[PDB]
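Notes follow once the structure below has been shown.
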Amino acid sequence: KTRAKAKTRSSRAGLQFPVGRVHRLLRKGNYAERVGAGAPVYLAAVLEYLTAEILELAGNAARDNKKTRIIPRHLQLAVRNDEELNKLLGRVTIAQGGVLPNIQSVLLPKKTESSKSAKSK
Amino acid sequence: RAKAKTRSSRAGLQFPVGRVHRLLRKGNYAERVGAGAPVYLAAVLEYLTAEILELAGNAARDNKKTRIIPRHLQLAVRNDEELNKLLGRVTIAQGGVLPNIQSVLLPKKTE
Amino acid sequence: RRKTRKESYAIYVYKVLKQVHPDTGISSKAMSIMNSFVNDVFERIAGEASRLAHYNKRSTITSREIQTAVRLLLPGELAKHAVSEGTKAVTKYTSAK
Amino acid sequence: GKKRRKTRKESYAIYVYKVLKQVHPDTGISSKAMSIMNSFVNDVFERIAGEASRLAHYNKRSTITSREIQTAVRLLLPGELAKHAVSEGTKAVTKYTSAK
Amino acid sequence: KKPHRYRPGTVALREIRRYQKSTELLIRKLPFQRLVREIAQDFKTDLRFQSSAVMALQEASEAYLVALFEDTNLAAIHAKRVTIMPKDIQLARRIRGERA
Amino acid sequence: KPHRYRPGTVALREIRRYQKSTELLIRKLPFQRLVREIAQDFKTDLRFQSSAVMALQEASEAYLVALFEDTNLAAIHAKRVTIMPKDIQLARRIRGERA
Amino acid sequence: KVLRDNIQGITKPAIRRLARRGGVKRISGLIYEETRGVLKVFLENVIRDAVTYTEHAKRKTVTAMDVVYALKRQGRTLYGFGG
Amino acid sequence: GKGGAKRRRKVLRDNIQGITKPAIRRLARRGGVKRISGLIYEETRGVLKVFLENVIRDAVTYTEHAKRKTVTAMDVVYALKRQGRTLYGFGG
DNA sequence: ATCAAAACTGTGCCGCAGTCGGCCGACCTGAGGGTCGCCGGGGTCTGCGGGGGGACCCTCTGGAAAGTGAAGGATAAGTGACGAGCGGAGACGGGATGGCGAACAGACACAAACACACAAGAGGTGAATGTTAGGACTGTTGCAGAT
DNA sequence: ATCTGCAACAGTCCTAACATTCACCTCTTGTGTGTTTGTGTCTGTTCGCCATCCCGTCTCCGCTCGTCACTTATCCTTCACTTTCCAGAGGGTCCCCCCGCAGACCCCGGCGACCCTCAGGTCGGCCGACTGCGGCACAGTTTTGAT
Ligand SMILES: [Cl-]
Ligand SMILES: [Cl-]
Ligand SMILES: [Cl-]
Ligand SMILES: [Cl-]
Ligand SMILES: [Mg+2]
């Protein structure tokens with residue numbers, strides 16, 4: 010009996026991401042001679058978390074705009090709408106994500122009335 | 012043990028080929044590090060070092076000086092298109108800027 | 030024969046997708062994007078961690094190095110929470126079995 | 027002072043100096059200038075080693091060889107700089123794998 | 037009747053709204069693919085691509101131009117104008133460091 | 038004997054003067070109190086080696102000088118020679134510092 | 021007609037469009053040409069690098085990765101092909 | 012009296028005001044600025060504060076990680092380098 | 001202040017796929033187990049240099065005055081894009097070969113890793129020995145602003 | 001158009017500071033020499049998919065036109081910002097006191113590397129395949145544009 014096997018480090022962690030693949034990648038990416046035990050658990054955790062944050066906002070993407078499948082465009086609306094992710098990915102370009110609806114309030118007319126506003130923003 | 016021949020002499024470089032090999036090892040860029048690798052890189056660094064030095068030396072000389080200072084490195088580098096791009100995101104402590112005044116700010120030669 | 034199989038993060042992303050939106054499905058291109066994102070973040074953190082290690086002349090990338098990296102690489106609360114998740118996961122792992 | 031053995035710190039100083047002498051025999055360099063030259067060498071070294079390292083990964087190779095240093099140099103240095111540099115590198119590899 | 041021509045700018049203003057809500061490339065693919073092949077000719081003669089690469093390249097370049105146009109816009113407006121001229125595709129490139 | 042240069046003759050005189058020199062332009066002690074204040078308000082038991090404050094000042098002054106360059110451009114682009122907040126803001130924006 | 025296009029294939033309309041996704045209302049006449057140049061230099065830098073990756077790899081075909089890596093070190097990182 | 016009083020930690024406030032009008036004016040000159048708007052000084056004060064804060068934050072982070080209580084030029088150097096404002100002249 | 005001609009909008013129904021949940025298959029890989037160099041956490045001694053502060057010199061800041069010339073508002077004149085109607089060109093969808101070339105794949109020279117004595121290249125010290133920028137101190141020259 | 005007066009440039013002694021040349025002393029560390037895993041080279045096979053003439057449908061690019069609104073050149077009025085004068089606040093330099101603590105050592109437990117099987121977690125096909133969702137058409141609000 011070569012003893013009862015099982016238990017993935019991802020589980021002993023309660024993590025949805027591959028702790029062991031990650032420890033593998035760290036060891037093989039010439040990042041450092043030796044990689045610690047905690048290291049991959051920590052990295053996988055951070056990775057799962059950020060994935061979650063995007064997806065989360067990426068889901069509410071097809072809801073405030075209808076649809077049930079997450080396409081690039083949602084991811085983009087998600088990221089560029091959240092200050093923090095936007096910075097983290099301020100030098101990244103999501104394919105087929107388009108831009109955000111913005112239109113300099115000096116190009117669009119209205120020279121009549123409506124609701125003359127200039128004491129808010 | 013036939014005397015001892017520095018990998019640098021074997022290559023005709025001034026920069027330390029051996030040390031470059033070592034730095035490449037310990038900097039973990041990869042498992043193995045080829046034999047030419049340190050030789051080639053040590054050559055490049057030497058070339059780039061001489062270009063900087065040649066121009067800085069000329070600069071020091073134009074300002075009647077004999078000792079290159081940071082200001083001379085700045086002048087050398089910023090007056091050369093290519094080196095300037097290479098060091099586009101670099102600050103040379105104590106080098107100043109290149110004297111340069113936008114034309115529109117010059118005394119209107121008409122009054 | 031058969032392709033050497035490309036490892037991806039697609040299974041784990043999809044999984045997570047659920048814990049936050051079972052009522053939502055993910056596109057094909059949109060999933061590579063997420064795959065890209067994770068690799069990026071991964072290398073940025075590993076990279077900084079690599080450097081942290083070398084600056085203090087250490088040969089090991091520990092959980093400490095990953096934490097410090099996160100503090101340097103992630104914006105405010107994004108870093109706050111990531112650090113939260115990090116330590117949490119590491120202890121639940123250290124103790125729990 | 028007292029016996030403590032001031033830790034040893036190395037730099038490219040002496041080499042930078044040799045090269046300076048070669049191009050401008052009668053010219054010296056201040057310590058801050060030299061400190062700057064040392065930084066430039068290090069910077070470039072990491073800049074190249076790093077692009078090299080990456081190259082080998084993209085190509086599942088586990089060795090950093092002259093072919094990575096050269097591609098690196100080519101992706102990194104601007105215009106004529108690369109040519110001269112690729113030229114000077116190759117030149118030494120040869121003089122090296124040949125002579126002794 | 038008359039061509040019912042709207043007020044100069046209202047169509048544009050609307051074009052903006054449509055294109056800002058869109059997500060598909062605006063350069064017509066085939067002509068773009070030609071440009072790419074043309075450029076590459078000057079680096080390595082006779083070499084094949086990979087449909088996606090061209091898409092990647094086109095994807096990247098369009099994201100770049102739109103972004104630049106955003107900047108150029110801000111620049112025109114800064115000058116108190118509303119028409120983007122070249123003098124401001126340049127001030128944007130200059131300040132970004134793409135022209136130093 | 039009352040003498041007076043016309044507005045902008047000393048300014049240009051100075052531009053010429055400061056672009057020729059390399060000395061730091063913010064005074065040393067004041068700059069250091071600011072660095073010590075900003076840090077302290079992050080972490081409390083810190084001490085700075087002198088060279089670290091010097092690096093910080095070199096990087097800071099180089100950063101502002103370059104920013105004033107771009108600012109000056111912005112002003113000139115607007116057909117002006119007087120720099121203004123709206124100019125620093127366009128610079129920072131296009132640079133990707135603000136938005 | 022002997023390449024009476026190519027670097028000139030990118031048309032005044034496409035440009036106006038990119039510029040509208042950009043938020044541009046009124047567009048001057050010499051823009052289309054300025055733009056055409058800019059796009060050119062951009063591609064010259066990206067492709068120069070891509071191909072450099074291709075040649076190092078000893079191939080004759082440019083891949084998505086070669087392009088992706090290029091854009092990466094150009095600081096214009098792209099997601100959606102490089103995985 | 013004579014020997015050792017004690018000396019108290021100095022309390023720092025309003026130091027951004029040490030970045031005087033004239034110093035800011037001198038920086039603007041090295042940048043080739045002929046005429047400076049009156050509202051330019053508090054702006055500059057603001058931009059520098061933000062700039063210092065980002066660098067300092069990162070450096071302090073490198074200082075803590077190493078279990079030190081003293082900030083070194085290298086910490087400043089690595090913080091500058093990771094912000095894409097590499098600096099030459101203080102090691103590194 | 002109230003009417004007309006266009007141009008987005010979700011519904012609505014429906015073929016073209018596009019993601020799915022397996023169904024297993026084929027593996028490749030992460031884990032359970034156990035041996036093993038050597039890295040990193042501890043405890044210590046401890047010089048160096050940071051924070052505070054006095055003392056003195058003198059430079060640089062801050063504030064008020066006067067004057068101009070730069071900014072910006074108001075207006076006029078010349079035309080540069082925009083909106084459009086509209087005719088075809090070549091861009092685009094739909095297919096079918098023809099083969100270069102990229103992705104494996106098995107096999108094995110050598111190339112680079114280690115292991116180790118062993119010298120001397122390189123670094124840290126004090127030190128004459130100079131050479132050299134940096135601070136007054138004065139003249140020459142260029143030039144801006146006053147008659 | 002000459003004239004005066006202030007600013008920037010050069011020279012010249014002058015002494016402190018920074019360098020360079022010794023030459024000596026440790027000593028990390030690169031090189032010389034010999035074995036020893038295994039990675040990159042090279043040869044050989046499969047088919048993925050890139051290059052490409054081919055061929056209807058027409059969307060979309062070009063162009064000439066009409067003319068409006070945006071840009072720019074002027075002319076004016078207002079006042080914001082540059083120059084200057086000058087007292088004296090406080091930075092700079094030197095020198096000191098008091099310690100905090102960076103960093104060189106040394107000693108040695110763990111920790112993470114490196115092995116070796118093995119079960120299964122992960123990937124690539126196919127397979128319906130459930131629904132997913134753009135692809136045309138309708139009538140309904142939502143506007144710009146004029147009376
Ligand atoms: Cl760890
Ligand atoms: Cl090699
Ligand atoms: Cl223009
Ligand atoms: Cl303003
Ligand atoms: Mg405080």
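Protein chains in written order, with UniProt numbering: chain A, 10 to 130; chain B, 12 to 122; chain C, 30 to 126; chain D, 27 to 126; chain E, 37 to 136; chain F, 38 to 136; chain G, 21 to 103; chain H, 12 to 103. Virtual Cβ for every residue (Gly too), placed ideally from N, Cα, C.
Taking a cut-off of 8 Å on C-beta distances, the region 81-90 of chain B does not touch the region 34-41 of chain D, as fewer than three cross pairs fall below it. Taking CB atoms only, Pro118(B) has no neighbour in chain H less than 8 Å away. When the beta-carbon positions are compared, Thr81(F) and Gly106(B) stay at least 8 Å from each other. No Cβ-Cβ contact shorter than 8 Å links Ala92(E) with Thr102(A). The C-beta of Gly100(H) comes closer than 8 Å to at least one C-beta of chain B. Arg93(G) places its beta carbon 8 Å or farther from that of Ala96(E).
Annotation: the continuous alpha helix (DSSP H) that includes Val99(C) extends over 92-102. By the neighbour-count definition (other C-beta atoms within 10 Å, threshold 16), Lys45(H) is a buried residue. For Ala39(H), the closest Cβ of chain F is nearer than 8 Å. In the structure shown, the three-state DSSP call for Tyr55(E) is helix. In the DSSP assignment, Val119(C) falls within the alpha helix (DSSP H) that extends over 105-123. When 9 Å is used as the limit between beta carbons, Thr72(G) is near these residues of chain D: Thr97, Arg100, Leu101, in chain order.
Straight through space, the alpha carbons of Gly47(B) and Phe71(C) are spaced by roughly 32 Å. Contacts with chain H at 8 Å (Cβ-Cβ) include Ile62(D). Bounds of the beta strand (DSSP E) holding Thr102(A) are 101-103. Sorting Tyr43(D), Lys47(D), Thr53(D), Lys44(D) by C-alpha distance to the C-alpha of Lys76(B) places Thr53(D) at the top. By DSSP's assignment, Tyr99(G) forms a beta bridge with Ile103(A).
Taking a cut-off of 8 Å on C-beta distances, the region 51-58 of chain H does not touch the region 68-79 of chain H, as fewer than three cross pairs fall below it. Not flagged as an interface residue toward chain C: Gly95(G), since no C-beta distance is shorter than 8 Å. Taking the beta carbon of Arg100(A) as reference, the chain G residues within 7 Å of it are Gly95, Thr97, listed in sequence order. By a beta-carbon distance limit of 8 Å, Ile27(G) contacts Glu74(E). Their separation comes to about 6 Å. Proximity of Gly103(G) to chain A, defined by a Cβ-Cβ separation below 8 Å, is not satisfied. Listed along chain B are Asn39, each with a C-beta nearer than 8 Å to that of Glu42(A). Among the residues facing chain E, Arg132(F) is included, as its CB has a counterpart in that chain under 8 Å away. A direct Cα-Cα distance of roughly 7 Å separates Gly45(A) from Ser92(C).
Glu57(A) is classed as buried because its beta carbon has at least 16 other beta carbons within 10 Å across all chains shown.
DSSP places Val44(A) in the strand class (E or B) of the three-state scheme. Boundaries of the alpha helix (DSSP H) around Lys92(H): 84-93.
Environment of ligand 2, chain-ordered: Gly45(B), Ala46(B), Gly47(B), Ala48(B), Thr91(D), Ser92(D), taking every residue with Cβ within less than 6 Å of a heavy atom. Screening all residues for a C-beta within a distance smaller than 5 Å of any heavy atom in ligand 3 leaves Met121(E), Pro122(E), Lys123(E), in chain order.
Taking C-beta separations shorter than 8 Å and ignoring five residues to either side along the sequence, the partners of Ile51(G) in its chain run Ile35, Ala39, following chain order. The beta carbon of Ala96(E) sits closer than 8 Å to some beta carbon of chain A. Under DSSP, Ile55(D) takes part in a beta bridge, and its partners are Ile79(B).
Among the residues facing chain F, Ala136(E) is not included, as its CB has no counterpart in that chain under 8 Å away. Set against 7 Å, the gap from the CB of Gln77(F) to the closest heavy atom of ligand 5 is smaller. At least one C-beta of chain B is nearer than 8 Å to the C-beta of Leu49(F).
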